[PDB]
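Colleague: Residue numbers (my numbering), protein chains in the order written: chain X, 10 to 84; chain B, 107 to 323.
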Ligand SMILES: CC(C)(COP(=O)(O)OP(=O)(O)OC[C@H]1O[C@@H](n2cnc3c(N)ncnc32)[C@H](O)[C@@H]1OP(=O)(O)O)[C@@H](O)C(=O)NCCC(=O)NCCS
Ligand SMILES: C[As](C)(=O)[O-]
Ligand SMILES: [Mn+2]
Ligand SMILES: [Mn+2]
Ligand SMILES: [Mn+2]
């Protein structure tokens with residue numbers, strides 16, 4: 010869940026249009042990730058990892074660290 | 107009126123909206139921890155929408171009070187009050203009411219643009235996609251649908267404390283300025299009643315969509 014977390018961090022940067030590194034335990038809404046951006050992040054992770062994810066993905070695991078453990082578990 | 111929220115909710119529900127972040131606003135002390143680690147954009151929308159909410163609350167006689175957030179991020183209103191808040195680029199808005207007159211309310215504001223690539227398929231039922239294609243040209247029906255689905259969740263959650271997915275409601279949009287949401291999952295509320303359908307209203311003005319749902323008492 011380490012290699013994958015930084016890739017999730019990269020997709021978040023693309024959705025937010027940002028270049029700074031992200032705190033893995035920082036809830037994504039404090040970065041300004043709204044509901045539309047979470048949809049885009051969910052769809053980008055499906056296409057990037059080739060796997061199925063629920064669209065309530067980001068709201069289940071609201072941090073990079075939580076997302077990476079979820080995504081590694083079933084992937 | 108001239109305000110977007112006021113045009114889609116009855117007058118018994120006071121509302122307030124600002125299209126910019128005025129200089130010098132600040133959160134209440136109890137609200138500061140919720141944005142202490144948040145980016146400036148997020149801080150600003152949080153602070154401004156709560157100025158709006160406290161303005162609407164004062165009309166109902168409620169004095170300055172923090173509006174904290176619950177377990178799924180829902181705003182925590184004073185007892186006897188229901189309400190909804192929304193922020194997007196160029197809009198901060200809030201509406202509130204007393205439980206003696208309305209059971210629940212949700213609002214959502216979106217820019218009147220097409221949805222980003224891929225989003226419509228994520229949020230629309232196959233039947234909804236055909237219905238949007240039959241609607242008259244000149245309106246971004248895809249963004250209206252996404253807006254109305256969120257308003258449906260915002261009205262649904264204070265009543266059920268349950269998740270509602272995008273595939274869990276069928277929204278029908280009328281050029282009227284009205285829409286309907288048909289709940290496709292079990293709709294047991296927390297008062298015993300069953301929630302099957304919501305009545306919604308929508309307006310497009312100043313480059314924004316605004317949708318609203320009032321659940322009558
Ligand atoms: C609630 C939600 C729609 C709002 O996301 P958004 O992009 O920030 O949209 P808005 O800016 O218009 O609304 C933000 C406000 O909604 C309120 N909010 C957050 N969670 C809420 C919840 N369960 N219930 C009611 N209101 C909520 C908050 O007041 C929040 O503002 P705040 O964080 O500053 O206090 C989204 O986060 C969500 O959780 N969606 C669930 C899935 C869904 O929409 N299904 C559709 C059913 S068909
Ligand atoms: C520190 As990083 C590359 O995961 O945002
Ligand atoms: Mn917002
Ligand atoms: Mn919205
Ligand atoms: Mn969903």
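Ideal placement from N, C-alpha and C gives every residue a C-beta, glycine not left out.
Between the alpha carbons of residue 284 (chain B) and residue 316 (chain B), how many angstroms are there, rounded?
Modeller: Taking the second chain and counting its residues from 1, the one referred to as residue 284 (chain B) is at position 178. Taking the second chain and counting its residues from 1, the one referred to as residue 316 (chain B) is at position 210. Approximately 11 Å between the Cα atoms of the pair.
Colleague: In terms of alpha-carbon separation, which member of B:139, B:166, B:294 and B:227 lies closest to residue 262 (chain B)?
Modeller: Taking the second chain and counting its residues from 1, one reaches residue 262 (chain B) at position 156. Among B:139, B:166, B:294 and B:227, the Cα nearest to that of residue 262 (chain B) belongs to B:294.
Colleague: Can you give the Cα-Cα distance for residue 89 (chain B) and residue 123 (chain B), rounded to whole angstroms?
Modeller: The displayed coordinates of chain B run from 107 to 323. Any statement about residue 89 (chain B) would go beyond what the structure contains.
Colleague: Would you identify the three-state DSSP class for residue 175 (chain B), choosing helix, strand or coil?
Modeller: In the second chain, the residue the question calls residue 175 (chain B) occupies position 69. Residue 175 (chain B): strand per DSSP, three-state reduction.
Colleague: Which value, in whole angstroms, describes the spacing of the CA atoms of residue 290 (chain B) and residue 305 (chain B)?
Modeller: Your numbering for residue 290 (chain B) matches position 184 in the second chain. Your numbering for residue 305 (chain B) matches position 199 in the second chain. Rounded to the nearest whole angstrom, the CA to CA distance from residue 290 (chain B) to residue 305 (chain B) is 15 Å.
Colleague: Does the pairing of the segment 192 to 206 of chain B with the segment 228 to 247 of chain B give three or more beta-carbon distances under 8 Å?
Modeller: At 8 Å Cβ cutoff, the stretches do not touch.
Colleague: Please work out which residues of its chain come closer than 8 Å, Cβ to Cβ, to residue 36 (chain X), disregarding the five sequence neighbours upstream and downstream, and give them in chain order.
Modeller: As a first step, residue 36 (chain X) is located in the first chain; it is residue number 27 there, counting from the start. Closer than 8 Å at Cβ, skipping near neighbours: 71 and 72.
Colleague: Let me check one thing: in DSSP terms, what residues is residue 193 (chain B) bridge-paired to?
Modeller: Within the second chain, residue 193 (chain B) is the residue found at index 87, counting from 1. Partner(s): B:198.
Colleague: Let me know the beta strand (DSSP E) ranges lying completely inside the segment 287 to 311 of chain B, each 3 residues or longer, listed in chain order.
Modeller: 303 to 311
Colleague: Which residues in the same chain as residue 313 (chain B) place their Cβ atom closer than 8 Å to its Cβ, once the five residues preceding and following it in sequence are excluded?
Modeller: Working through the second chain from its first residue, we reach residue 313 (chain B) at position 207. Within the same chain, residue 313 (chain B) has close Cβ partners 196, 217 and 218.
Colleague: Leaving aside the five residues before and after residue 347 (chain B) along the sequence, list all residues of the same chain whose C-beta is less than 8 Å from its C-beta, in chain order.
Modeller: Residue 347 (chain B) is absent from the structure shown; chain B starts at 107 and stops at 323.
Colleague: List, in order along the chain, the chain B residues whose C-beta lies closer than 9 Å to that of residue 67 (chain X)?
Modeller: Taking the first residue of the first chain as 1, we reach residue 67 (chain X) at position 58. By Cβ distance, chain B contributes nothing, its closest Cβ being about 12 Å from residue 67 (chain X), past 9 Å.
Colleague: Report back the beta-carbon spacing between residue 120 (chain B) and residue 188 (chain B) to the nearest angstrom; my notes put them in contact at under 8 Å.
Modeller: Taking the first residue of the second chain as position 1, residue 120 (chain B) is located at position 14. Taking the first residue of the second chain as position 1, residue 188 (chain B) is located at position 82. Contact flag wrong, Cβ pair sits at about 12 Å.
Colleague: Taking C-alpha atoms, which residue in X:49, X:42 and X:16 lies nearest to residue 222 (chain B)?
Modeller: To locate residue 222 (chain B), count along the second chain from 1; it is residue 116. Out of X:49, X:42 and X:16, X:49 has the C-alpha closest to the C-alpha of residue 222 (chain B).
Colleague: Using a Cβ-Cβ cut-off of 8 Å, state whether residue 269 (chain B) counts as contacting chain X.
Modeller: Locating residue 269 (chain B) in the second chain gives position 163, counting from the first residue. Yes, residue 269 (chain B) counts as interfacial toward chain X.
Colleague: What are the uninterrupted segments assigned as alpha helix (DSSP H) that are 4 or more residues long and contained completely in the segment 242 to 290 of chain B, given in chain order?
Modeller: 247 to 266
Colleague: Output the distance between the C-alpha atoms of residue 182 (chain B) and residue 15 (chain X), rounded to the nearest integer angstrom.
Modeller: What you label residue 182 (chain B) is simply residue 76 of the second chain in a count that begins at 1. What you label residue 15 (chain X) is simply residue 6 of the first chain in a count that begins at 1. Between residue 182 (chain B) and residue 15 (chain X), the C-alpha separation is close to 34 Å.
Colleague: Quick one: is residue 260 (chain B) near chain X, going by C-beta distance under 8 Å?
Modeller: Here the question's residue 260 (chain B) lines up with position 154 in the second chain. Judged by the 8 Å Cβ criterion, residue 260 (chain B) is not in contact with chain X.
Colleague: Give, in chain order, every residue of the segment 148 to 164 of chain B whose Cβ lies closer than 7 Å to some Cβ of chain X.
Modeller: Going along the segment 148 to 164 of chain B in chain order, one finds 148 with a Cβ nearer than 7 Å to chain X.
Colleague: In chain B, which residues lie less than 9 Å from residue 54 (chain X) when you measure between Cβ atoms?
Modeller: On the first chain, position 45 is the one that residue 54 (chain X) refers to. Going along chain B, no residue has its Cβ under 9 Å from residue 54 (chain X), so there is no contact; the nearest lies around 12 Å.
Colleague: Check whether chain X comes within 8 Å of residue 224 (chain B), counting only Cβ atoms and requiring the distance to be less than that.
Modeller: Taking the first residue of the second chain as 1, we reach residue 224 (chain B) at position 118. The beta carbon of residue 224 (chain B) falls within 8 Å of a beta carbon belonging to chain X, placing the residue at that interface.
Colleague: Please check if any C-beta of chain B sits within less than 8 Å of the C-beta of residue 72 (chain X).
Modeller: Residue 72 (chain X) sits at position 63 when you count from the first residue of the first chain. Chain B contact via Cβ: absent.
Colleague: Is the distance from the Cβ of residue 141 (chain B) to the Cβ of residue 159 (chain B) below 8 Å?
Modeller: As a working note, residue 141 (chain B) is residue 35 in the second chain. As a working note, residue 159 (chain B) is residue 53 in the second chain. No.
Colleague: Which residues in the same chain as residue 53 (chain X) place their Cβ atom closer than 6 Å to its Cβ, once the five residues preceding and following it in sequence are excluded?
Modeller: Start at 1 with the first residue of the first chain, and residue 53 (chain X) comes out as number 44. Result list for residue 53 (chain X): 20, in chain order.
Colleague: Is residue 39 (chain X) close to chain B, meaning its C-beta is less than 8 Å from at least one C-beta of that chain?
Modeller: The sequence position of residue 39 (chain X) within the first chain is 30, counting from 1. Yes - at least one Cβ of chain B is within 8 Å of the one on residue 39 (chain X).
Colleague: Buried or exposed: where does residue 259 (chain B) fall if 16 or more other Cβ atoms within 10 Å of its Cβ makes it buried?
Modeller: Taking the second chain and counting its residues from 1, one reaches residue 259 (chain B) at position 153. With 16 or more neighbouring CB atoms inside 10 Å of its own CB, residue 259 (chain B) falls in the buried class.
Colleague: Of all the options B:212, B:251, B:169 and B:243, which has the alpha carbon lying nearest to the alpha carbon of residue 227 (chain B)?
Modeller: Counting from one through the second chain, the residue named residue 227 (chain B) turns up at place 121. That would be B:251, whose Cα lies nearest to the Cα of residue 227 (chain B).
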